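S.K.: File my_file.cif below, mmCIF, C-alpha atoms and all ligand atoms:
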```
data_upload
loop_
_atom_site.label_atom_id
_atom_site.label_comp_id
_atom_site.auth_asym_id
_atom_site.auth_seq_id
_atom_site.Cartn_x
_atom_site.Cartn_y
_atom_site.Cartn_z
CA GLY A 11 13.42 -63.54 24.24
CA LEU A 12 15.89 -65.06 21.76
CA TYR A 13 14.44 -66.30 18.48
CA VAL A 14 15.96 -68.89 16.14
CA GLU A 15 14.33 -70.24 13.00
CA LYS A 16 14.89 -73.98 12.64
CA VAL A 17 17.53 -74.82 10.02
CA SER A 18 15.88 -77.01 7.39
CA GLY A 19 17.60 -80.23 6.41
CA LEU A 20 20.14 -79.96 9.22
CA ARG A 21 21.68 -83.39 9.79
CA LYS A 22 21.69 -84.79 13.37
CA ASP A 23 25.47 -85.24 13.47
CA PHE A 24 26.27 -81.72 12.19
CA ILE A 25 29.52 -80.40 13.66
CA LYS A 26 28.90 -77.42 15.98
CA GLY A 27 32.25 -76.09 17.11
CA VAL A 28 34.04 -73.18 18.72
CA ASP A 29 37.68 -72.07 18.72
CA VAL A 30 38.60 -70.75 22.18
CA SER A 31 42.37 -70.89 21.78
CA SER A 32 42.79 -67.72 23.88
CA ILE A 33 41.11 -69.35 26.91
CA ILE A 34 44.37 -70.24 28.67
CA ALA A 35 46.03 -66.83 28.44
CA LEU A 36 42.76 -65.23 29.55
CA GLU A 37 42.29 -67.42 32.62
CA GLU A 38 45.89 -66.71 33.66
CA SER A 39 45.07 -63.02 33.22
CA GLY A 40 42.37 -63.34 35.87
CA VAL A 41 39.37 -63.60 33.52
CA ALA A 42 36.51 -65.79 34.73
CA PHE A 43 33.48 -67.34 33.06
CA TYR A 44 30.01 -68.20 34.32
CA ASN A 45 26.88 -70.13 33.33
CA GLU A 46 23.19 -69.27 32.99
CA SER A 47 22.65 -69.30 36.78
CA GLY A 48 25.61 -66.98 37.29
CA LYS A 49 27.99 -69.27 39.16
CA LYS A 50 31.65 -69.51 38.15
CA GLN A 51 31.97 -72.52 35.82
CA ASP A 52 34.53 -74.07 33.46
CA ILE A 53 33.78 -72.57 30.05
CA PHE A 54 34.17 -76.00 28.45
CA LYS A 55 31.32 -77.28 30.60
CA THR A 56 29.13 -74.32 29.66
CA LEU A 57 29.97 -74.94 25.99
CA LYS A 58 28.99 -78.61 26.24
CA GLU A 59 25.69 -77.66 27.90
CA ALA A 60 25.12 -75.22 25.04
CA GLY A 61 25.26 -78.04 22.50
CA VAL A 62 28.78 -77.45 21.23
CA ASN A 63 30.32 -80.78 20.19
CA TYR A 64 33.69 -79.70 18.80
CA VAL A 65 36.67 -77.56 19.82
CA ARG A 66 39.22 -76.01 17.47
CA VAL A 67 42.63 -74.86 18.71
CA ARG A 68 45.35 -72.97 16.82
CA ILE A 69 48.92 -74.17 17.24
CA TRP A 70 52.06 -72.13 16.62
CA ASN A 71 55.43 -73.85 16.71
CA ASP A 72 57.29 -71.40 18.96
CA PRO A 73 55.30 -68.19 19.67
CA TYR A 74 57.99 -66.67 21.93
CA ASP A 75 61.13 -64.57 21.52
CA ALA A 76 64.56 -65.94 22.46
CA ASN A 77 64.00 -65.15 26.15
CA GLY A 78 60.61 -66.77 26.36
CA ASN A 79 58.43 -63.67 26.11
CA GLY A 80 55.18 -64.73 24.47
CA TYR A 81 54.10 -63.14 21.19
CA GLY A 82 50.59 -63.01 22.60
CA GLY A 83 47.44 -63.83 20.68
CA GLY A 84 47.04 -66.51 23.31
CA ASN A 85 50.63 -67.81 23.16
CA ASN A 86 49.14 -70.94 21.59
CA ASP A 87 51.72 -73.71 21.38
CA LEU A 88 51.45 -77.51 21.56
CA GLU A 89 51.41 -77.31 25.36
CA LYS A 90 48.27 -75.18 25.54
CA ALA A 91 46.74 -77.28 22.77
CA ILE A 92 47.04 -80.28 25.10
CA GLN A 93 45.54 -78.37 28.03
CA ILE A 94 42.59 -77.35 25.86
CA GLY A 95 42.24 -80.79 24.26
CA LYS A 96 42.08 -82.51 27.65
CA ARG A 97 39.29 -80.21 28.84
CA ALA A 98 37.53 -80.63 25.48
CA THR A 99 37.56 -84.44 25.64
CA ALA A 100 36.73 -84.31 29.36
CA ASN A 101 33.56 -82.49 28.32
CA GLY A 102 32.64 -84.84 25.49
CA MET A 103 33.79 -82.71 22.56
CA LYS A 104 36.04 -83.78 19.67
CA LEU A 105 39.16 -81.72 18.97
CA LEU A 106 40.24 -79.93 15.77
CA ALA A 107 44.00 -79.32 15.90
CA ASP A 108 44.80 -76.29 13.71
CA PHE A 109 48.50 -76.16 12.80
CA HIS A 110 49.53 -72.75 11.44
CA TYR A 111 53.01 -74.10 10.75
CA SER A 112 54.42 -70.71 11.78
CA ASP A 113 55.46 -69.02 15.03
CA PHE A 114 52.56 -66.57 14.86
CA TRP A 115 49.31 -65.61 13.09
CA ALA A 116 48.94 -67.35 9.73
CA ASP A 117 46.56 -65.75 7.23
CA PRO A 118 46.37 -64.63 3.57
CA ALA A 119 49.13 -62.04 4.12
CA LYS A 120 51.19 -63.90 6.74
CA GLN A 121 52.55 -67.44 6.31
CA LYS A 122 55.98 -67.00 7.89
CA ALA A 123 58.23 -70.02 8.39
CA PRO A 124 58.80 -70.96 12.04
CA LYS A 125 62.09 -69.54 13.38
CA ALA A 126 63.45 -73.08 13.63
CA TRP A 127 62.79 -73.63 9.91
CA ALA A 128 64.07 -70.17 8.96
CA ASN A 129 67.02 -71.54 7.01
CA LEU A 130 66.31 -75.18 6.21
CA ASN A 131 66.33 -76.19 2.55
CA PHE A 132 62.92 -77.25 1.23
CA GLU A 133 63.51 -80.99 1.65
CA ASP A 134 64.45 -80.64 5.34
CA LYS A 135 61.62 -78.20 6.07
CA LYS A 136 59.13 -80.67 4.61
CA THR A 137 60.33 -83.55 6.76
CA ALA A 138 60.47 -81.19 9.75
CA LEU A 139 56.83 -80.25 9.15
CA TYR A 140 55.89 -83.92 8.85
CA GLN A 141 57.89 -84.72 11.99
CA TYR A 142 56.43 -81.84 13.98
CA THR A 143 52.89 -82.90 13.10
CA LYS A 144 53.61 -86.52 13.92
CA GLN A 145 55.10 -85.77 17.36
CA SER A 146 52.42 -83.22 18.22
CA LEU A 147 49.59 -85.60 17.42
CA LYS A 148 51.29 -88.38 19.41
CA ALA A 149 51.70 -86.13 22.44
CA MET A 150 47.95 -85.40 22.22
CA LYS A 151 47.01 -89.07 21.85
CA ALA A 152 49.18 -89.85 24.88
CA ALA A 153 47.24 -87.20 26.82
CA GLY A 154 44.10 -89.15 25.99
CA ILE A 155 42.72 -86.42 23.76
CA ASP A 156 39.90 -87.37 21.37
CA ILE A 157 41.08 -85.91 18.07
CA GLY A 158 38.47 -85.77 15.35
CA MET A 159 40.15 -83.56 12.74
CA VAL A 160 43.38 -81.78 11.81
CA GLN A 161 43.84 -78.62 9.79
CA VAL A 162 47.07 -78.77 7.79
CA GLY A 163 47.60 -75.02 7.58
CA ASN A 164 45.38 -72.00 8.30
CA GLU A 165 44.02 -69.80 5.47
CA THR A 166 46.80 -70.83 3.07
CA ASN A 167 45.49 -68.73 0.15
CA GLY A 168 48.98 -67.81 -0.96
CA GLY A 169 51.55 -69.65 1.10
CA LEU A 170 52.60 -72.07 3.81
CA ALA A 171 55.62 -72.15 6.12
CA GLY A 172 57.51 -69.56 4.09
CA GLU A 173 56.66 -71.20 0.77
CA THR A 174 54.60 -69.50 -1.96
CA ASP A 175 54.95 -71.95 -4.85
CA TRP A 176 51.86 -74.15 -5.04
CA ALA A 177 53.84 -77.18 -6.16
CA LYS A 178 55.80 -76.86 -2.92
CA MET A 179 52.79 -76.00 -0.80
CA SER A 180 51.07 -79.16 -2.02
CA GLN A 181 54.06 -81.24 -0.93
CA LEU A 182 53.83 -79.57 2.48
CA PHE A 183 50.11 -80.30 2.59
CA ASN A 184 50.89 -83.96 1.88
CA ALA A 185 53.71 -84.03 4.46
CA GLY A 186 51.21 -82.86 7.05
CA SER A 187 48.46 -85.20 5.80
CA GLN A 188 50.92 -88.11 5.92
CA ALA A 189 51.49 -87.60 9.64
CA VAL A 190 47.75 -87.52 10.33
CA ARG A 191 47.13 -90.67 8.22
CA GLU A 192 49.84 -92.52 10.14
CA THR A 193 48.46 -91.34 13.47
CA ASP A 194 44.82 -92.36 13.02
CA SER A 195 42.82 -93.34 9.93
CA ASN A 196 39.64 -91.94 11.40
CA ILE A 197 41.01 -88.40 11.70
CA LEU A 198 39.68 -86.10 8.99
CA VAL A 199 42.34 -84.04 7.17
CA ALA A 200 41.22 -80.48 6.43
CA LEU A 201 42.73 -77.68 4.33
CA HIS A 202 41.63 -74.15 5.15
CA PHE A 203 41.13 -71.28 2.71
CA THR A 204 39.39 -67.92 2.80
CA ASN A 205 37.89 -65.10 0.70
CA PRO A 206 35.23 -67.33 -0.90
CA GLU A 207 33.77 -64.21 -2.56
CA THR A 208 36.70 -63.94 -4.97
CA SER A 209 35.59 -65.01 -8.45
CA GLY A 210 36.88 -68.49 -9.31
CA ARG A 211 39.27 -68.73 -6.36
CA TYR A 212 38.02 -71.88 -4.63
CA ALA A 213 37.50 -73.56 -8.01
CA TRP A 214 41.08 -72.79 -8.95
CA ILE A 215 42.44 -73.93 -5.58
CA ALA A 216 40.52 -77.22 -5.53
CA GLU A 217 41.62 -78.10 -9.09
CA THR A 218 45.23 -77.26 -8.18
CA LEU A 219 45.02 -79.46 -5.08
CA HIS A 220 43.71 -82.21 -7.35
CA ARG A 221 46.39 -81.75 -10.02
CA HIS A 222 49.07 -82.06 -7.34
CA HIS A 223 47.55 -85.18 -5.75
CA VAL A 224 47.06 -83.61 -2.30
CA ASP A 225 45.49 -86.13 0.08
CA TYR A 226 42.78 -84.43 2.14
CA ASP A 227 39.16 -85.01 3.20
CA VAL A 228 37.77 -81.57 4.04
CA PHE A 229 37.89 -78.34 2.07
CA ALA A 230 37.43 -75.74 4.83
CA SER A 231 36.57 -72.07 4.50
CA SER A 232 36.51 -68.99 6.67
CA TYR A 233 33.33 -66.95 6.51
CA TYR A 234 33.12 -63.55 8.09
CA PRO A 235 30.03 -61.80 6.66
CA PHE A 236 31.74 -58.37 6.94
CA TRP A 237 34.04 -59.07 3.99
CA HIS A 238 33.28 -62.46 2.42
CA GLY A 239 30.21 -61.89 0.29
CA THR A 240 26.83 -63.58 0.28
CA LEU A 241 25.69 -66.82 1.89
CA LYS A 242 24.36 -67.81 -1.54
CA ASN A 243 27.91 -67.61 -2.95
CA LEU A 244 29.40 -69.51 0.00
CA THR A 245 26.99 -72.41 -0.54
CA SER A 246 27.61 -72.30 -4.27
CA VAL A 247 31.41 -72.36 -4.18
CA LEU A 248 31.50 -75.06 -1.48
CA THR A 249 28.96 -77.24 -3.32
CA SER A 250 31.04 -76.99 -6.47
CA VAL A 251 34.13 -78.29 -4.66
CA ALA A 252 32.06 -81.02 -2.99
CA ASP A 253 30.45 -82.36 -6.20
CA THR A 254 33.51 -82.00 -8.44
CA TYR A 255 36.15 -83.44 -6.11
CA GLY A 256 34.12 -85.56 -3.71
CA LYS A 257 35.33 -83.73 -0.62
CA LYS A 258 33.48 -82.81 2.54
CA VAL A 259 33.16 -79.05 3.20
CA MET A 260 32.73 -76.81 6.25
CA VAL A 261 33.20 -73.33 7.69
CA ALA A 262 36.33 -73.34 9.86
CA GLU A 263 35.80 -69.80 11.18
CA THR A 264 32.86 -67.43 11.49
CA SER A 265 31.53 -64.78 13.87
CA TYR A 266 29.47 -61.64 14.23
CA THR A 267 29.23 -58.49 16.35
CA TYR A 268 26.62 -58.44 19.11
CA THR A 269 27.55 -54.89 20.11
CA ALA A 270 29.36 -51.90 18.63
CA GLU A 271 31.11 -51.17 21.94
CA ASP A 272 34.81 -51.84 22.49
CA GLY A 273 35.14 -53.71 25.77
CA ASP A 274 38.84 -53.41 26.57
CA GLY A 275 40.13 -50.17 25.06
CA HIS A 276 41.85 -51.85 22.14
CA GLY A 277 40.09 -51.13 18.84
CA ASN A 278 37.90 -53.93 17.49
CA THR A 279 37.94 -55.45 13.98
CA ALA A 280 34.21 -54.84 13.50
CA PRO A 281 31.87 -53.08 13.00
CA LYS A 282 33.33 -50.47 10.64
CA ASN A 283 32.25 -48.16 7.82
CA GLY A 284 32.59 -50.13 4.60
CA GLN A 285 31.84 -53.54 6.09
CA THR A 286 28.73 -55.41 4.96
CA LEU A 287 26.42 -55.81 7.96
CA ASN A 288 23.21 -57.62 6.93
CA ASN A 289 22.17 -58.24 10.55
CA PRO A 290 21.60 -55.72 13.30
CA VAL A 291 24.59 -55.42 15.62
CA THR A 292 22.77 -57.05 18.53
CA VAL A 293 22.54 -60.36 20.35
CA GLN A 294 19.70 -61.42 18.02
CA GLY A 295 21.56 -60.13 14.99
CA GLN A 296 24.55 -62.22 16.03
CA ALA A 297 22.36 -65.29 16.53
CA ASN A 298 20.75 -64.89 13.11
CA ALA A 299 24.21 -64.65 11.48
CA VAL A 300 25.41 -67.90 13.04
CA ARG A 301 22.15 -69.67 12.26
CA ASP A 302 22.43 -68.53 8.65
CA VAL A 303 25.97 -69.86 8.02
CA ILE A 304 24.87 -73.18 9.53
CA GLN A 305 21.94 -73.15 7.08
CA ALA A 306 24.28 -72.24 4.21
CA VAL A 307 26.67 -75.13 4.89
CA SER A 308 23.81 -77.53 5.55
CA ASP A 309 22.37 -76.57 2.14
CA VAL A 310 25.43 -78.08 0.50
CA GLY A 311 23.84 -81.45 1.25
CA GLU A 312 25.75 -84.68 2.00
CA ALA A 313 29.09 -82.90 2.07
CA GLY A 314 28.37 -80.02 4.44
CA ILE A 315 29.64 -81.26 7.78
CA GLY A 316 29.78 -78.24 10.04
CA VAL A 317 30.59 -74.77 11.30
CA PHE A 318 33.11 -73.50 13.86
CA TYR A 319 32.49 -70.12 15.52
CA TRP A 320 35.85 -68.32 15.89
CA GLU A 321 36.79 -67.06 19.37
CA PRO A 322 33.37 -66.79 21.11
CA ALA A 323 35.01 -65.89 24.42
CA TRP A 324 37.95 -63.56 23.81
CA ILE A 325 36.56 -61.09 26.32
CA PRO A 326 38.39 -58.15 28.00
CA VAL A 327 40.87 -58.52 30.84
CA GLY A 328 39.50 -55.21 32.12
CA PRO A 329 37.25 -52.20 31.27
CA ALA A 330 38.16 -49.84 28.45
CA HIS A 331 38.92 -46.98 30.85
CA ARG A 332 41.72 -49.00 32.53
CA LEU A 333 43.52 -49.25 29.19
CA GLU A 334 46.98 -48.79 30.72
CA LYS A 335 46.40 -51.44 33.36
CA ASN A 336 45.12 -53.76 30.62
CA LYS A 337 48.28 -53.31 28.53
CA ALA A 338 50.26 -54.72 31.45
CA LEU A 339 48.16 -57.90 31.44
CA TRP A 340 48.24 -58.28 27.63
CA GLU A 341 52.01 -57.87 27.79
CA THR A 342 52.56 -60.30 30.65
CA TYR A 343 50.10 -63.04 29.73
CA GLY A 344 49.68 -62.55 25.99
CA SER A 345 45.92 -62.43 26.55
CA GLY A 346 45.65 -59.79 23.83
CA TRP A 347 45.94 -60.45 20.10
CA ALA A 348 49.67 -59.72 20.25
CA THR A 349 52.45 -58.35 22.47
CA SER A 350 55.30 -55.96 21.75
CA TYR A 351 57.57 -59.02 21.93
CA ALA A 352 56.20 -60.18 18.57
CA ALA A 353 57.73 -57.19 16.75
CA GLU A 354 60.84 -59.29 15.99
CA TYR A 355 58.84 -61.86 14.03
CA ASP A 356 56.18 -59.60 12.54
CA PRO A 357 57.32 -55.95 12.60
CA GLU A 358 54.94 -54.91 9.82
CA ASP A 359 51.65 -55.88 11.46
CA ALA A 360 52.00 -57.00 15.09
CA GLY A 361 54.92 -54.60 15.36
CA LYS A 362 52.71 -51.53 15.23
CA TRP A 363 49.28 -52.81 16.28
CA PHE A 364 50.03 -55.02 19.30
CA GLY A 365 47.60 -54.83 22.21
CA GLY A 366 44.38 -56.38 23.48
CA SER A 367 41.35 -58.20 22.06
CA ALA A 368 39.99 -57.03 18.71
CA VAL A 369 36.91 -59.24 18.92
CA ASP A 370 35.55 -58.87 22.46
CA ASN A 371 32.35 -57.56 20.85
CA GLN A 372 31.89 -60.78 18.85
CA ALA A 373 31.95 -63.16 21.79
CA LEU A 374 28.96 -65.27 22.82
CA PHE A 375 29.71 -64.13 26.38
CA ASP A 376 29.42 -60.56 27.70
CA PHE A 377 32.34 -58.43 28.87
CA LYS A 378 32.00 -60.03 32.32
CA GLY A 379 32.00 -63.69 31.31
CA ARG A 380 28.25 -64.30 31.40
CA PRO A 381 26.81 -66.26 28.49
CA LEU A 382 24.72 -64.23 26.06
CA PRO A 383 21.33 -65.52 24.86
CA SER A 384 22.90 -66.11 21.44
CA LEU A 385 24.93 -68.98 22.88
CA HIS A 386 21.66 -70.93 22.61
CA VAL A 387 21.89 -70.83 18.81
CA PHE A 388 23.75 -74.16 18.77
CA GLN A 389 20.82 -75.97 20.37
CA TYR A 390 17.99 -74.07 18.67
CA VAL A 391 19.01 -74.62 15.04
CA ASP A 392 17.80 -78.22 15.40
CA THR A 393 14.32 -77.36 16.63
CA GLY A 394 13.95 -73.62 16.30
CA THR A 395 12.75 -71.49 19.24
CA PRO A 396 9.67 -72.83 20.95
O1 LIG A 401 42.66 -52.21 16.90
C1 LIG A 401 42.04 -51.54 15.79
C2 LIG A 401 42.85 -51.81 14.53
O2 LIG A 401 43.06 -53.26 14.36
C3 LIG A 401 43.85 -53.60 13.18
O3 LIG A 401 43.98 -55.01 13.15
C4 LIG A 401 45.24 -55.48 13.74
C5 LIG A 401 46.06 -56.23 12.70
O4 LIG A 401 46.26 -55.38 11.56
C6 LIG A 401 45.28 -57.49 12.26
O5 LIG A 401 46.07 -58.21 11.29
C7 LIG A 401 45.10 -58.35 13.49
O6 LIG A 401 44.37 -59.51 13.15
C8 LIG A 401 44.78 -60.68 13.95
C9 LIG A 401 45.37 -61.72 13.01
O7 LIG A 401 46.45 -61.13 12.28
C10 LIG A 401 44.28 -62.21 12.04
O8 LIG A 401 44.82 -63.21 11.15
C11 LIG A 401 43.13 -62.82 12.85
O9 LIG A 401 42.11 -63.24 12.00
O10 LIG A 401 42.59 -61.81 13.78
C12 LIG A 401 43.58 -61.29 14.73
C13 LIG A 401 42.91 -60.29 15.67
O11 LIG A 401 41.74 -60.91 16.22
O12 LIG A 401 44.32 -57.64 14.50
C14 LIG A 401 44.96 -56.40 14.97
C15 LIG A 401 44.10 -55.75 16.05
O13 LIG A 401 44.67 -54.49 16.42
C16 LIG A 401 43.14 -53.11 11.92
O14 LIG A 401 43.93 -53.43 10.76
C17 LIG A 401 43.01 -51.59 12.03
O15 LIG A 401 42.35 -51.09 10.86
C18 LIG A 401 42.16 -51.27 13.27
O16 LIG A 401 40.89 -51.91 13.15
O1 LIG A 402 43.21 -61.81 9.74
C1 LIG A 402 42.14 -61.14 9.19
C2 LIG A 402 41.19 -61.62 7.90
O2 LIG A 402 41.87 -61.40 6.60
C3 LIG A 402 41.05 -61.73 5.37
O3 LIG A 402 41.86 -61.47 4.24
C4 LIG A 402 42.35 -60.09 4.09
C5 LIG A 402 41.57 -59.45 2.93
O4 LIG A 402 40.17 -59.54 3.20
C6 LIG A 402 41.88 -60.21 1.63
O5 LIG A 402 41.11 -59.62 0.52
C7 LIG A 402 43.38 -60.13 1.36
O6 LIG A 402 43.68 -60.82 0.19
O7 LIG A 402 44.15 -60.72 2.47
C8 LIG A 402 43.90 -60.04 3.78
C9 LIG A 402 44.80 -60.63 4.85
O8 LIG A 402 45.66 -59.53 5.27
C10 LIG A 402 40.65 -63.20 5.30
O9 LIG A 402 39.84 -63.38 4.15
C11 LIG A 402 39.75 -63.34 6.57
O10 LIG A 402 39.23 -64.70 6.62
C12 LIG A 402 40.61 -63.07 7.87
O11 LIG A 402 41.71 -63.93 7.83
CA CA A 403 38.74 -54.50 22.12
#
```
Produce structure tokens that represent the structure in this file.

M.R.:
Amino acid sequence: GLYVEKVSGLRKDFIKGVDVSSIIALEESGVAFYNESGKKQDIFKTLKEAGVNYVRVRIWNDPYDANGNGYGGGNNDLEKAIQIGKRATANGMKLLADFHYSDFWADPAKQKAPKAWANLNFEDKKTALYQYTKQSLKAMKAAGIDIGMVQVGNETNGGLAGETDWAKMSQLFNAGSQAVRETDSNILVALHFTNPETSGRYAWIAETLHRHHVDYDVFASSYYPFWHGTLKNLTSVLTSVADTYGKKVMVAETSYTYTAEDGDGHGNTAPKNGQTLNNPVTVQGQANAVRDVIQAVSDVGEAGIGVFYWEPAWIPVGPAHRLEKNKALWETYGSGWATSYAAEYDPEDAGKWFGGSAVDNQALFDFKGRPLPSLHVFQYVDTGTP
């Protein structure tokens, strides 16, 4: 019964991606995924069949404490990035390596230097970042992974690898870019920012990137309708960057709630009083939201290259009523957004909120691993529903 209005002007090579970085921790936690028919199947195969043509994976330098206890949130390191990349290429999908350049979650409020770079002077940290990127990419190439793009940083609105001065951040951006350029000329270099609704922000950032000669191809943006303003604004601010600086643009992260229920007992990020919810919290609502961001980015014209849905399969390791049993799994496999072992690195946030999935209700799969009708949105935006 799913309905999808055809996206007008959508290019045939539009990037349709998903970030399923938590897939490895989940599978080790016992979680399983299925396909339409209902038979266990590799999620990457189901994604390919759904029309997805790109996979994004977050990479933390060393997301573990001194003893090796994972910080959680998927315990995403280079090693899991290779596992995911291999399965992505094996299923005909390009890879987007997303380097946070930190040992844990990197966002507007958190851009902590990796423990190894904790006390390196700026010069040495820069070359370490360049080196890390270079070696990581080479390990992926060696694994035969088809890399189509690299994100030098994740939501670096106010910092990167412990740095907050934009003159220094730019040098770090170039150190990362350098590595990518040396690895493969065909790999697109992306920079990722968020909060597009903030007046003049993206215009200021783009101009600053230009004044510091940062070498990049894609100006990426997060876009969560709950807090980031209108689609009209998104298109407007991305088009401005595109036309003024000749860059490509895209949405590196987006999602929507298909249900108000919490599937694993650990409070979800959305929905919540105060959040802007222009679509009904249903499977159709979710599908309309995705379809609309795709339209919004496509409306940018030449420069709008794609949209990545963030974590469409971070489903529960168990029902909400088995909360205590779930905690054990989140703790042991880091299949939750964070573990108590991350308190040493991030006492402020992870330190007091560690637990399970905060987005199980925004997946494109149900709590049991079955694909929701909304997964079809990737195929239907080209033609629309029959
Ligand atoms: O569980 C209900 C509560 O969740 C809190 O959110 C927690 C952290 O405060 C939040 O930073 C974290 O977000 C993770 C990561 O830091 C972020 O960059 C990324 O985009 O999402 C991650 C989670 O998917 O999530 C935890 C979850 O407990 C809310 O702050 C609190 O109000 C309440 O909703
Ligand atoms: O990780 C969650 C989420 O954070 C958003 O940014 C919030 C807030 O909305 C901003 O106004 C604030 O400046 O920074 C915080 C981060 O703590 C960000 O815009 C989203 O894309 C997500 O990263
Ligand atoms: Ca939950």

S.K.: If I take atom CA of residue A:180 and atom CA of residue A:231, how far is one from the other in Å, to one decimal?

M.R.: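 If I compute the distance from atom CA of residue A:180 to atom CA of residue A:231, I get 17.4 Å.
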
S.K.: Go through A:214, A:343, A:320, A:176 one by one, measure the shortest atom-to-atom distance of each to ligand LIG 402 (chain A) using all atoms listed in the file, and give the residue with the smallest value.

M.R.: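 So, comparing all the options, the nearest one is A:320.
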
S.K.: If I take atom CA of residue A:46 and atom CA of residue A:264, how far is one from the other in Å, to one decimal?

M.R.: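 Spanning atom CA of residue A:46 to atom CA of residue A:264 is a straight-line distance of 23.6 Å.
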
S.K.: For stretch 275-280 of chain A, find every residue with an atom within 12 Å (counting all atoms listed in the file), except residues of its own chain fewer than 5 positions away, and show them as a VMD selection string.

M.R.: chain A and resid 234 to 237 265 to 270 285 to 287 291 324 to 337 340 346 to 348 363 to 373 377

S.K.: Name all residues at most 10 Å from residue A:353 (count only C-alpha atoms; drop same-chain ones fewer than 4 positions away) and give them as a PyMOL selection string.

M.R.: chain A and resi 75+81+348-349+357-364

S.K.: Residues within 9 Å of ligand LIG 402 (chain A) (only C-alpha atoms and all ligand atoms), as a list in words?

M.R.: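 Using only C-alpha atoms and all ligand atoms, everything at most 9 Å from ligand LIG 402 (chain A) comes to residues 115, 116, 117, 118, 119, 120, 164, 165, 167, 168, 203, 204, 205, 206, 208, 231, 232, 233, 234, 237, 238, 263, 264 and 279 of chain A.
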
S.K.: Ranking A:86, A:218, A:188, A:245 by minimum distance to residue A:108 and counting only C-alpha atoms, which one comes first?

M.R.: A:86

S.K.: Quick one: distance from atom CA of residue A:384 to atom CA of residue A:30 in Å, one decimal?

M.R.: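 Taking atom CA of residue A:384 and atom CA of residue A:30, their separation equals 16.4 Å.
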
S.K.: Identify, on the basis of all atoms listed in the file, every residue whose closest approach to residue A:178 does not exceed 10 Å; exclude the query and any residue fewer than 3 positions from it along the same chain; express the result as a list in words.

M.R.: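 Skipping anything fewer than 3 positions along the chain leaves residues 132, 133, 136, 169, 170, 173, 174, 175, 181, 182, 183, 184 and 222 of chain A.
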
S.K.: Which one of A:273, A:102, A:172, A:40 sits closest to ligand LIG 401 (chain A) if you count only C-alpha atoms and all ligand atoms?

M.R.: A:273

S.K.: So which residues touch residue A:312 within 12 Å, counting all atoms listed in the file, skipping near sequence neighbours fewer than 3 positions away, as a PyMOL selection string?

M.R.: chain A and resi 19-21+23-24+248-249+252-253+256-260+307-309+315-316

S.K.: May I have the residues from that selection written out with C-alpha atoms, as a compact mmCIF listing (two decimals), in the coordinates of the input?

M.R.:
```
# COMPACT_ATOMS: atom_id res chain seq x y z
CA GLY A 19 17.60 -80.23 6.41
CA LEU A 20 20.14 -79.96 9.22
CA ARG A 21 21.68 -83.39 9.79
CA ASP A 23 25.47 -85.24 13.47
CA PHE A 24 26.27 -81.72 12.19
CA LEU A 248 31.50 -75.06 -1.48
CA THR A 249 28.96 -77.24 -3.32
CA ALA A 252 32.06 -81.02 -2.99
CA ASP A 253 30.45 -82.36 -6.20
CA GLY A 256 34.12 -85.56 -3.71
CA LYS A 257 35.33 -83.73 -0.62
CA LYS A 258 33.48 -82.81 2.54
CA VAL A 259 33.16 -79.05 3.20
CA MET A 260 32.73 -76.81 6.25
CA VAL A 307 26.67 -75.13 4.89
CA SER A 308 23.81 -77.53 5.55
CA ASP A 309 22.37 -76.57 2.14
CA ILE A 315 29.64 -81.26 7.78
CA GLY A 316 29.78 -78.24 10.04
```

S.K.: Kindly indicate which residue among A:146, A:395, A:250, A:345 lies nearest to ligand CA 403 (chain A), using only C-alpha atoms and all ligand atoms for the distances.

M.R.: A:345

S.K.: In the coordinate frame of the file, compute which residues have an atom within 12 Å of (18.3, -72.0, 15.8) when using only C-alpha atoms, and state them as a ChimeraX atom specification.

M.R.: /A:12-18,20,26,60-61,294,296-305,383-396
